[PDB]
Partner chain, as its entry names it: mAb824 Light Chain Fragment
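As a starting point, one isolated chain is supplied in structure tokens, in the form deposited without its partner chain.
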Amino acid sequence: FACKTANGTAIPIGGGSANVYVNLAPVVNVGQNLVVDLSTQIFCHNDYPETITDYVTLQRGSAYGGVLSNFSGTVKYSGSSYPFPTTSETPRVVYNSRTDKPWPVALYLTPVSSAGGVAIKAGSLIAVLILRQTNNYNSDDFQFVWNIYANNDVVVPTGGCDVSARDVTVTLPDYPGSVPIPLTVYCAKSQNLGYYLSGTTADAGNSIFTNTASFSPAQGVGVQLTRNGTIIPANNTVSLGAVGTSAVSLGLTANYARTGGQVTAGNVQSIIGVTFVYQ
């Protein structure tokens, strides 16, 4: 029983170890699968098929470098899947031919939301796979160790941030009242954010959002947003700085402002757009 690498290298009868060099998808997104198919690069064969039956097993599977810190994954061995890094010696597959058959092993790796840019360095030890071979002939128990190196960087693009917002705020604090506006943002990967408001305005300072509502339009008012006392006029980019894993409150408050002159009873409703700009 011996195995060889599609690249060239072999591990002879009795076991030993070899390097397996793999080119991986250059880009993988959070949520997706990075697939390292070794069945395309590692082959074995039985040396005496007619009288001996060989049993190949995935003894152990271990992760290194980026694979270890940026991914969660499974190992598909001969049709079935298991947790990778592995936790138990896999079931045994049989080899019965002098003809080089593949070793059906594939790594299915999915980047974590926290995965940087370069989740796997070019030239790094990505994994070590231990092939254990026995037989129905004697006490032969040999190990074929495969050291999997990545030939290139596998980048995981940075995603957009999440704008955690409760919902349709009831700016009910009757005409003079003002409420705080719960709105925070967090990013799986720290990055600079900025935002600006947008919508129909009712003033020359362009910062009092027009009253939009049917039920007897409480005329003369309008909604104005403030951030810790500072007024936010439409299309004025407010720089949030670096936003990371800890949510950042924009510190918004809805305020009533007067547009025209005579204020009048009725409802006051409004829709404002908040646009987060990514660097």
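Positions refer to the first chain, counted from 1.
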Ranked by mean Cα B-factor in the entry, 25-33 and 207-215, top stretch is 207-215
Compare the mean C-alpha B-factor of 162-170 with that of 97-105 as given in the PDB entry, and name the stretch with the higher value.
162-170
Looking at the C-alpha B-factor values in the deposited entry, which of 271, 18, 257, 13 comes out highest?
271
From 91, 199, 157, 123, which pick has the Cα B-factor that tops the rest in the entry?
91
When the modelled residues of the chain are sorted by Cα temperature factor, does residue 86 land in the lowest, middle or highest third?
middle
When the deposited Cα B-factors of this chain's modelled residues are ordered and cut into thirds, is residue 233 in the lowest, the middle or the highest one?
lowest
For residue 55, does the deposited CA B-factor place it in the lowest, middle or highest third of the chain?
highest
Per the entry's values, where does residue 242 land by CA temperature factor relative to the rest of its chain, in the lowest, middle or highest third?
middle
Which third, lowest, middle or highest, does the CA B-factor of residue 152 fall in along this chain?
lowest
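Here the subject shifts to the form solved in complex with its partner chain, a form of this protein not shown in this document.
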Identify whether its partner chain in the entry with it bound is within 4.5 Å of every residue in the set 64, 68 and 147, based on non-hydrogen atoms.
no
Considering only heavy atoms, tell me if residue 130 and its partner chain come within 4.5 Å of each other in the entry with it bound.
no
Non-hydrogen atom contact residue 90 with its partner chain in the entry with it bound at 4.5 angstroms:
yes
Contact test in the entry with it bound: residue 79 vs its partner chain, heavy atoms, 4.5 Å
yes
With the partner left out here, check for me: in the entry with it bound, does some heavy atom of residue 94 sit within 4.5 Å of its partner chain?
yes
Contacts with its partner chain in the entry with it bound, stretch 38-59 (heavy atom within 4.5 Å):
55
